[PDB]
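Visitor: fold the following, please.
(2 chains)
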Amino acid sequence: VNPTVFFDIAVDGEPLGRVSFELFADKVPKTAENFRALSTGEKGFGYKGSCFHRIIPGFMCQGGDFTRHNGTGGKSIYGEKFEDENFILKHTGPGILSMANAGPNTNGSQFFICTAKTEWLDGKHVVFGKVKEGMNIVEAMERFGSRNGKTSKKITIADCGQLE
Amino acid sequence: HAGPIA
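Guide: Residues are numbered from 1 along each chain as shown, chains lettered A, B, ... in the order given. Please see the structure below:
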């Protein structure tokens, strides 16, 4: 019953690989249910074509903002933003898919995939999914990041959907 | 902007 979504990542047009995730809708519903419905394209907007604007080697990969493509907005399925579901799940290690909010109770479409144990985020960022396959794809696309987040190259979600 | 810090 736990959704599984995927991302087909490209580096400057050239297809690179696939990254799937397991959405924990069992524990974090409104958040998980949110990510699934945007990974598919179930409303017209979603993550297809959007990119990872903020990648920081050894930390995480930020994406989910299809509107502004910088970090400003990005709408969810419930109009614009939504409250923090909970903090039951903690950023235990790399692969951990979490929401990239801007001050409590402001979750939209921005998420980040962890590339290391990031405990300091526990309690501030709503964890809701985890890379199932492709953590080596997220590693490659990580190399194309920097320190302030600037991408050394254009990383994109060339295609996305639900396989389960 | 949105996003977690290190």
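
Visitor: for residue A:114, what are phi and psi?
Guide: phi -80, psi 140 (degrees, to the nearest 10).

Visitor: surely it meets residue A:91?
Guide: Yes: between residue A:114 and residue A:91 there is a contact under Cβ atoms under 8 Å: 6.1 Å. The way it works is simple: take the backbone N, C-alpha and C, and place the C-beta from them, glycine included.

Visitor: what do those two both touch?
Guide: The contact sets of residue A:114 and residue A:91 overlap at residue A:98 (Cβ atoms under 8 Å, 6 or more residues apart in numbering or on different chains).

Visitor: just want the residue of chain A that's nearest chain B.
Guide: residue A:71 (3.4 Å; Cβ to the nearest Cβ).

Visitor: how much space separates residue A:44 from residue A:120?
Guide: Using Cβ to Cβ, to the nearest Å, one obtains 36 Å as the distance from residue A:44 to residue A:120.

Visitor: where along chain A do the helices fall?
Guide: A:29-40, A:135-143 (DSSP state H).

Visitor: go through these and pick out the most buried.
Guide: Mean neighbour count (mean count of other Cβ atoms under 10 Å in any protein chain shown) peaks for helix A:29-40 among the helices of chain A, with a mean of 21.
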